[PDB]
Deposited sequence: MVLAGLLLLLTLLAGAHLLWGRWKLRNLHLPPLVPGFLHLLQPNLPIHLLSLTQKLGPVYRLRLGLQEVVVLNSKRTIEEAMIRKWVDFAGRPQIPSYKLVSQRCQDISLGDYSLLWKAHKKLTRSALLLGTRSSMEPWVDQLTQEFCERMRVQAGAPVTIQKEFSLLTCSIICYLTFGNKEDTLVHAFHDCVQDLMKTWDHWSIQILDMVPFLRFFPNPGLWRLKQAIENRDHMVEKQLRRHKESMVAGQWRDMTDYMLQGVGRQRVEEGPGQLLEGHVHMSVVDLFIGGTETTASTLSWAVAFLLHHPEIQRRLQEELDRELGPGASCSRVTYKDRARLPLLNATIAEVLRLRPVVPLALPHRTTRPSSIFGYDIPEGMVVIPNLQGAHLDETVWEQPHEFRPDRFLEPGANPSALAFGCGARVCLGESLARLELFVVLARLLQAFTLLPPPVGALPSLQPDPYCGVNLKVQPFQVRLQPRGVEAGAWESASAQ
């Protein structure tokens, strides 16, 4: 009783890994044991199994393996994501998550921060690279209501830059091999140096800030979330050590920026190929709950007042989920992940991307199809896990507020004498990437 084994030794190499983990499915089925690295890792490729070992069992495949690459960022140690399970992490998640849920509703700021962006782009009328503009749109936003609420392009462009440079340094064979070949002796490798050096800015920018927060403190929450966490820790009613706050900020402070940006960028790349969905959206937008051209409705309760949107976003998050294989889960108790018994400690890899192409539940999976509301099944882009996501709300929101006014203000047009991007890069890393388009950005309603 155990999942099958694929006869390979470095499946990790090879393009479009998510589409490959799917290919093996033709014979094996949803669950198969595979060697992504040098160790046999059990994958899952179906909305059913990837949900059974995530929601049903819950207790079992909830932890995360500590590989020699995670404890590299441990510092004092502990935190969201990388950190393993343990009762501390549980209470650690609940604290840094309630912050994102917050007398200071983050709803308004988001809808405003994006407006400034529209104008900033509206003055361009040229061919700005969307990736940075939006890749900086969210940064200008998570930075306002999470750490000292600076928002200033002086402290934002500094934190935003720390994000991108903190990614290509963690997701590079140079630093990855260290995990596959631990016995390596860690002969000096160039990548490790570039990481340790860039990982400091991430530790420093939070240390120099967390202090200002410490002193400028009052009875409740300061402008930002830091004041909440940095306070909701030194008052625990009985671990949750002070250091935890330093890390909790990181995921959101410098983690919020990349993931959501990619989703937004991907969506734009799709509308470029489908003008149909673009204008059908422009009409369904104002002729649905926005008879005007601005500052009218466009929110939460209304959120239903916009069908094509709640749909378009659902597709983009299903065809190109920003995080595809999500993160590696580890088993704590021997349990069955379906079909076959699974040994404890076994690293589980929930193939989200693949489960989204299950043609047994989603029709014409490969085809951008906005339509689904009526209704079509749900697609897990944020996982469904005791780890689920810690900011699924913030994310889901930005994709609504940003896209909404993105269409209304501008046309969304292709670069001059250029080809539209798409299809997905082979250098798939922690978060799924995108090619570099140059969308035009104009409209005169």
Missing CA coverage against the deposited sequence, listed in sequence order.
1 to 28, 131 to 132, 269 to 273, 410 to 412, 484 to 496
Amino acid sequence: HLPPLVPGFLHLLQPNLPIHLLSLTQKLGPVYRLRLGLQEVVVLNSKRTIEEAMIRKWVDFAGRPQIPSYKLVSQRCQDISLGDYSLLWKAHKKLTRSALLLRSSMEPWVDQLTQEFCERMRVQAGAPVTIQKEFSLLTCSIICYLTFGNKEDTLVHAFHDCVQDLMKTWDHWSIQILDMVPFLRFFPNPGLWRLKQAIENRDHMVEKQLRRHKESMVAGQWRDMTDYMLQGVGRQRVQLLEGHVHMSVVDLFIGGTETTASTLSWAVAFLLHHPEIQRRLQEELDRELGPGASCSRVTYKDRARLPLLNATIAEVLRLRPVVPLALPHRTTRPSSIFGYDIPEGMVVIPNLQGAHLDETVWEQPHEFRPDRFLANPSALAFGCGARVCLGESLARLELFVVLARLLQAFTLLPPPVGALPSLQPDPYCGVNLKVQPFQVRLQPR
From here on, numbers count along this sequence of modelled residues.
Averaging the C-alpha B factors as listed in the entry, name the stretch that ends up higher: 75 to 83 or 349 to 357.
75 to 83
For 331 to 339 versus 313 to 321, entry-based mean Cα B-factors point to 331 to 339
Which of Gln282, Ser294, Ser262, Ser174 ranks first by CA B-factor in the deposited coordinates
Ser294
Max C-alpha B-factor within the set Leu36, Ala404, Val42, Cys389 falls on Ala404
Considering only modelled residues of the same chain, in which third does the CA B-factor of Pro4 rank: lowest, middle or highest?
lowest
Can you tell me whether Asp60 has a C-alpha B-factor in the lowest, middle or highest third compared with the other modelled residues of the same chain?
highest
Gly126: CA B-factor among chain residues, third -> lowest
Split into thirds by Cα B-factor across the chain's modelled residues, where does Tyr70 land: lowest, middle or highest?
middle
Taking the entry's C-alpha B-factors for this chain, is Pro182 in the lowest, middle or highest third?
middle
